[PDB]
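A.B. asks: This is target-v9.txt (compact mmCIF, C-alpha atoms).
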# COMPACT_ATOMS: atom_id res chain seq x y z
CA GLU A 55 -64.73 -87.53 74.20
CA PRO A 56 -67.68 -89.93 73.59
CA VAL A 57 -67.67 -93.44 75.09
CA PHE A 58 -69.73 -96.16 73.41
CA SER A 59 -71.99 -98.42 75.51
CA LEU A 60 -74.80 -100.75 74.42
CA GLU A 61 -76.25 -100.62 77.92
CA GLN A 62 -76.57 -96.84 77.72
CA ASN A 63 -78.06 -96.99 74.21
CA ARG A 64 -80.79 -99.37 75.39
CA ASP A 65 -81.51 -97.20 78.41
CA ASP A 66 -81.78 -94.09 76.23
CA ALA A 67 -83.98 -95.91 73.69
CA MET A 68 -86.40 -97.01 76.41
CA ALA A 69 -86.37 -93.60 78.08
CA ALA A 70 -87.49 -92.08 74.78
CA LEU A 71 -90.17 -94.64 74.00
CA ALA A 84 -93.70 -93.29 73.54
CA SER A 85 -96.42 -95.77 74.43
CA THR A 86 -99.04 -94.78 71.85
CA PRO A 87 -98.91 -93.41 68.27
CA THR A 88 -101.18 -90.57 67.11
CA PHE A 89 -104.60 -91.60 65.80
CA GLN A 90 -103.25 -90.79 62.30
CA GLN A 91 -100.25 -93.10 62.65
CA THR A 92 -102.40 -95.76 64.31
CA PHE A 93 -104.74 -95.68 61.33
CA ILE A 94 -101.84 -96.17 58.90
CA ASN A 95 -100.42 -98.95 61.11
CA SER A 96 -103.79 -100.72 61.03
CA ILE A 97 -104.05 -101.02 57.23
CA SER A 98 -100.45 -101.06 55.95
CA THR A 99 -100.09 -104.86 56.06
CA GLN A 100 -103.25 -105.48 54.03
CA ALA A 101 -102.36 -102.65 51.67
CA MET A 102 -98.95 -104.18 50.93
CA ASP A 103 -100.52 -107.58 50.23
CA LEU A 104 -103.35 -106.32 48.03
CA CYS A 105 -101.17 -103.88 46.11
CA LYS A 106 -98.76 -106.69 45.28
CA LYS A 107 -101.62 -108.86 44.03
CA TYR A 108 -103.00 -105.99 41.89
CA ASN A 109 -99.62 -104.33 41.13
CA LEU A 110 -100.40 -100.88 42.61
CA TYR A 111 -98.57 -98.52 45.01
CA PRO A 112 -99.35 -99.30 48.68
CA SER A 113 -98.33 -95.74 49.52
CA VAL A 114 -101.03 -94.42 47.22
CA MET A 115 -103.66 -96.81 48.62
CA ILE A 116 -102.88 -95.93 52.23
CA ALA A 117 -102.93 -92.20 51.43
CA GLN A 118 -106.26 -92.59 49.62
CA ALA A 119 -107.74 -94.53 52.53
CA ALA A 120 -106.70 -91.87 55.04
CA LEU A 121 -107.99 -89.06 52.85
CA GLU A 122 -111.35 -90.59 51.85
CA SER A 123 -112.15 -91.88 55.33
CA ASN A 124 -110.66 -89.01 57.51
CA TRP A 125 -108.09 -91.31 59.17
CA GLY A 126 -110.84 -93.89 59.61
CA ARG A 127 -113.19 -91.60 61.57
CA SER A 128 -116.09 -91.08 59.14
CA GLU A 129 -119.36 -92.82 60.02
CA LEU A 130 -118.97 -95.12 57.01
CA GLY A 131 -115.29 -95.82 57.67
CA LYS A 132 -115.46 -97.09 61.24
CA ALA A 133 -117.11 -100.28 62.47
CA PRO A 134 -119.41 -101.89 61.72
CA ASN A 135 -119.44 -100.63 58.11
CA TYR A 136 -115.71 -100.44 57.40
CA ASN A 137 -116.36 -98.53 54.16
CA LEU A 138 -113.20 -96.41 53.90
CA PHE A 139 -113.82 -95.06 50.43
CA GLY A 140 -117.53 -94.28 50.77
CA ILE A 141 -118.46 -96.71 48.00
CA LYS A 142 -122.16 -96.77 47.08
CA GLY A 143 -124.16 -99.98 46.66
CA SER A 144 -123.61 -103.20 48.59
CA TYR A 145 -120.99 -105.85 49.25
CA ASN A 146 -122.26 -109.41 48.99
CA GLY A 147 -125.77 -108.13 49.63
CA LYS A 148 -124.80 -106.11 52.71
CA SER A 149 -125.34 -102.36 52.93
CA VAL A 150 -126.11 -99.41 55.20
CA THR A 151 -128.31 -96.43 54.47
CA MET A 152 -127.39 -92.89 55.42
CA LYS A 153 -127.88 -89.28 54.41
CA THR A 154 -125.32 -87.86 52.01
CA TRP A 155 -124.78 -84.55 50.19
CA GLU A 156 -125.50 -84.21 46.47
CA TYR A 157 -125.27 -81.19 44.17
CA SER A 158 -127.08 -80.12 41.03
CA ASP A 159 -127.15 -76.79 39.23
CA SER A 160 -130.92 -77.29 39.41
CA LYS A 161 -131.49 -77.76 43.16
CA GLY A 162 -128.15 -76.73 44.66
CA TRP A 163 -126.70 -78.64 47.59
CA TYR A 164 -129.22 -81.10 49.03
CA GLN A 165 -129.33 -84.16 51.24
CA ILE A 166 -130.55 -87.59 50.27
CA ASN A 167 -130.50 -91.14 51.56
CA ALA A 168 -128.17 -93.54 49.79
CA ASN A 169 -127.09 -97.14 50.21
CA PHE A 170 -123.43 -97.69 50.96
CA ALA A 171 -121.51 -100.95 50.89
CA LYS A 172 -121.07 -102.66 54.26
CA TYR A 173 -117.90 -104.74 54.60
CA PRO A 174 -116.75 -107.45 57.07
CA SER A 175 -113.62 -105.39 57.71
CA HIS A 176 -111.24 -102.82 56.27
CA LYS A 177 -109.61 -105.56 54.21
CA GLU A 178 -112.53 -105.98 51.80
CA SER A 179 -112.87 -102.19 51.54
CA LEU A 180 -109.19 -101.85 50.53
CA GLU A 181 -109.62 -104.71 48.06
CA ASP A 182 -112.55 -102.90 46.40
CA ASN A 183 -110.30 -99.86 45.90
CA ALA A 184 -107.64 -102.11 44.36
CA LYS A 185 -110.18 -103.75 42.06
CA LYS A 186 -111.51 -100.33 41.06
CA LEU A 187 -108.04 -99.08 40.03
CA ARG A 188 -106.86 -102.29 38.39
CA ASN A 189 -110.10 -103.47 36.74
CA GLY A 190 -111.49 -100.00 36.08
CA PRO A 191 -115.08 -98.77 35.76
CA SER A 192 -117.37 -100.81 33.52
CA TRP A 193 -117.07 -98.40 30.58
CA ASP A 194 -113.23 -98.41 30.49
CA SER A 195 -111.13 -101.11 32.10
CA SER A 196 -107.90 -99.13 31.61
CA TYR A 197 -109.24 -95.83 32.97
CA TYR A 198 -106.73 -95.81 35.85
CA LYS A 199 -103.77 -97.18 33.84
CA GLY A 200 -101.51 -94.29 34.87
CA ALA A 201 -101.76 -95.48 38.48
CA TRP A 202 -100.75 -99.03 37.60
CA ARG A 203 -97.29 -99.70 38.92
CA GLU A 204 -96.03 -101.01 35.55
CA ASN A 205 -96.86 -97.58 34.03
CA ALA A 206 -95.93 -95.24 36.88
CA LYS A 207 -92.21 -94.64 37.46
CA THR A 208 -92.89 -93.11 40.87
CA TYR A 209 -95.94 -92.76 43.08
CA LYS A 210 -96.21 -89.14 41.90
CA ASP A 211 -97.12 -90.37 38.41
CA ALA A 212 -99.83 -92.48 40.00
CA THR A 213 -101.29 -89.68 42.13
CA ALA A 214 -101.17 -87.28 39.17
CA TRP A 215 -103.15 -89.87 37.21
CA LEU A 216 -105.85 -90.15 39.91
CA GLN A 217 -106.42 -86.39 39.94
CA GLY A 218 -109.34 -85.53 37.66
CA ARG A 219 -110.21 -89.22 37.36
CA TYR A 220 -110.83 -90.66 40.82
CA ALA A 221 -112.11 -87.33 42.11
CA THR A 222 -112.85 -83.89 40.73
CA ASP A 223 -110.45 -81.84 42.85
CA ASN A 224 -107.56 -80.02 41.24
CA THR A 225 -105.36 -80.47 44.30
CA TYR A 226 -106.12 -84.18 44.77
CA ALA A 227 -102.63 -85.30 43.72
CA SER A 228 -101.01 -82.69 45.91
CA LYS A 229 -103.00 -83.92 48.95
CA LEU A 230 -102.00 -87.55 48.35
CA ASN A 231 -98.36 -86.49 47.85
CA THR A 232 -98.40 -84.55 51.11
CA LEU A 233 -99.75 -87.53 53.08
CA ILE A 234 -97.21 -89.80 51.42
CA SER A 235 -94.14 -87.70 52.28
CA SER A 236 -95.39 -86.53 55.70
CA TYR A 237 -95.84 -90.11 56.91
CA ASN A 238 -93.09 -91.65 54.69
CA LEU A 239 -95.63 -93.97 53.10
CA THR A 240 -93.07 -95.05 50.47
CA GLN A 241 -91.55 -97.33 53.14
CA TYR A 242 -94.40 -99.68 52.23
CA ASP A 243 -93.71 -99.64 48.47
Output the file's structure in the form of structure tokens.
C.D. replies:
Amino acid sequence: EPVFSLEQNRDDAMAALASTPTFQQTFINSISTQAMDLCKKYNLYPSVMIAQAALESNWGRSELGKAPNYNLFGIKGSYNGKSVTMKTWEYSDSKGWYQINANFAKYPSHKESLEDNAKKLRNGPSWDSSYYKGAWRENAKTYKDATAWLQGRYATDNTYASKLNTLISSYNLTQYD
């Protein structure tokens, strides 16, 4: 017959404690606060933003994603005049796969990179401000509607939504929504 004890509970809890999360979990932990704030300001799903950031940056390990560039989404151009040049792959039916130098935005931190993603979704590309409307929280009943909307639009990749959904459930990213 079980006997309840707070002292024992605390001792068990501490005995089970792990000192360090996986690099994957640590990456999520490092951007979740800013994602919640920005996604509230732009009315988007934080779970979808965090999943996108992990996917597009390889858990923050790509050369663009880590310091001192902080460019999680591999956005081309500059940010307030700042940029970094590096080789990137391009494809054309004409030449095939080939490398080329491009300029990528350079941010002060991950925060401004996340904000660019939020602006992109909410404000849209210049030719259609409502392009990502299906990922707006006021139009998407669940995050699955949002990810389904990004597929074919944000990236050409017919399993894009499925990848985002897998990240979201595997790390319970809806806790942030």
A.B. asks: Can you work out which one of A:173, A:193, A:164, A:108 has the shortest atom-to-atom distance to residue A:139, counting all atoms listed in the file?
C.D. replies: A:173
A.B. asks: Pick out the residues sitting within 9 Å of residue A:128, and hand them over as a ChimeraX atom specification; count all atoms listed in the file, and ignore anything fewer than 6 positions along from it in its own chain.
C.D. replies: /A:122,137-138
A.B. asks: Counting all atoms listed in the file, figure out which residue out of A:195, A:124, A:62, A:100 gets nearest to residue A:176.
C.D. replies: A:100
A.B. asks: For residue A:214, please output as a PyMOL selection string all residues within 9 Å (counting only C-alpha atoms; exclusion window: fewer than 6 positions along the same chain).
C.D. replies: chain A and resi 200-201+226-228
A.B. asks: Would you save the residues of that selection, restricted to C-alpha atoms, as a PDB file, keeping the file's coordinate frame?
C.D. replies:
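Output saved as result-v2.pdb:
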ATOM      1  CA  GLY A 200    -101.510 -94.290  34.870  1.00  0.00           C
ATOM      2  CA  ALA A 201    -101.760 -95.480  38.480  1.00  0.00           C
ATOM      3  CA  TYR A 226    -106.120 -84.180  44.770  1.00  0.00           C
ATOM      4  CA  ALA A 227    -102.630 -85.300  43.720  1.00  0.00           C
ATOM      5  CA  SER A 228    -101.010 -82.690  45.910  1.00  0.00           C
TER       6      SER A 228
END
A.B. asks: Rank nothing, just name the residue among A:153, A:106, A:229, A:199 nearest to residue A:211, using all atoms listed in the file.
C.D. replies: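 Residue with the minimum atom-to-atom distance to residue A:211: A:199.
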A.B. asks: Could you tell me which of A:92, A:144, A:236, A:183 comes closest to residue A:169 if we count all atoms listed in the file?
C.D. replies: A:144
A.B. asks: List as a ChimeraX atom specification the protein and nucleic acid residues near residue A:210, meaning an atom at most 12 Å away when only C-alpha atoms are counted, but skip any in the same chain fewer than 4 places from it.
C.D. replies: /A:111,113-114,200-203,205-206,214-217,226-235,240
A.B. asks: If we count all atoms listed in the file and set the cut-off at 6 Å, which residues sit around residue A:149, ignoring sequence neighbours fewer than 5 positions away in its own chain? Please answer as a ChimeraX atom specification.
C.D. replies: /A:144,170-172
A.B. asks: Restrict the selected residues to C-alpha atoms and save them as a PDB file, in the frame of the given file.
C.D. replies:
ATOM      1  CA  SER A 144    -123.610-103.200  48.590  1.00  0.00           C
ATOM      2  CA  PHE A 170    -123.430 -97.690  50.960  1.00  0.00           C
ATOM      3  CA  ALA A 171    -121.510-100.950  50.890  1.00  0.00           C
ATOM      4  CA  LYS A 172    -121.070-102.660  54.260  1.00  0.00           C
TER       5      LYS A 172
END
A.B. asks: Would you kindly return, as a ChimeraX atom specification, each protein, DNA or RNA residue with an atom no farther than 12 Å from any atom of residue A:94, considering all atoms listed in the file and excluding same-chain residues fewer than 5 positions away?
C.D. replies: /A:87-89,99-102,112-121,123-126,176,233-234,237-239,241-242
A.B. asks: What does the structure give for the distance between atom CA of residue A:175 and atom CA of residue A:135, in Å to one decimal?
C.D. replies: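 Here the two named atoms are 7.5 Å from each other.
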